[PDB]
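Okay, so the sequence shown: first residue is 22 according to the working numbering, each after it adds one. Structure first, commentary second.
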Amino acid sequence: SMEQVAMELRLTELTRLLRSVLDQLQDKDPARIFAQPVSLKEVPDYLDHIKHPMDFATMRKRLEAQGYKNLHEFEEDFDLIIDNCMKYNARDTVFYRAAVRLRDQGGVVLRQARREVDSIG
């Protein structure tokens with residue numbers, strides 16, 4: 022149907038805006054601490070701690086399959102990146118501190134992304 026096409030075009034356009042949001046967030050991680058999944062070979066206990074691992078590569082795979090239907094879904098995954106790191110790692114660690122900085126800086130970007138998603142529809 023034409024209605025299904027129109028919905029698909031909205032999803033595609035949301036995908037474009039989320040790709041740009043994703044790029045901007047990832048630039049706030051120049052150390053590349055959050056670039057890839059935590060390795061279970063190198064942190065064998067990880068899944069005993071963290072039930073839903075997340076990372077920027079995994080988000081990028083979902084994004085390219087148009088797997089985020091709305092901004093809320095994408096923000097949920099971004100928050101997992103931060104929240105997981107802040108639980109597994111102590112306050113005095115480079116990992117924890119990197120997450121705090123990513124969260125603080127990412128807030129700015131997400132604030133205007135929400136306006137854009139509402140504004141454009």
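Beta carbons: idealized from backbone N, C-alpha and C, even for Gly.
Proximity winner among the options, relative to residue i (alpha-carbon distances)
{"i": "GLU94", "options": "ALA27, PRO51, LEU43 and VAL26", "result": "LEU43"}
{"i": "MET75", "options": "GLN45, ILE103, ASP69 and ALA111", "result": "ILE103"}
{"i": "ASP48", "options": "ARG122, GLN25 and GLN87", "result": "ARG122"}
{"i": "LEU101", "options": "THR79, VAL64, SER22 and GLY88", "result": "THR79"}
{"i": "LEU32", "options": "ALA86, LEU61 and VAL59", "result": "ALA86"}
Beta-carbon spacing of residue i, residue j below 7 Å
{"i": "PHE77", "j": "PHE99", "result": "no"}
{"i": "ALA119", "j": "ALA52", "result": "yes"}
{"i": "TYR109", "j": "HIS70", "result": "yes"}
{"i": "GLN45", "j": "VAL138", "result": "no"}
First and last residue of the uninterrupted alpha helix (DSSP H) at residue i
{"i": "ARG132", "result": "115-141"}
{"i": "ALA78", "result": "77-85"}
{"i": "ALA27", "result": "23-48"}
{"i": "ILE71", "result": "Taken as a continuous stretch (DSSP letters only), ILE71 belongs to no alpha helix (DSSP H), as it is neither H nor E."}
{"i": "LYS90", "result": "Per DSSP, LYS90 belongs to no alpha helix (DSSP H) and is neither H nor E."}
Stretch-stretch touch, CB-based, cutoff 8 Å, three pairs: the stretch 113-126 with the stretch 29-39: no
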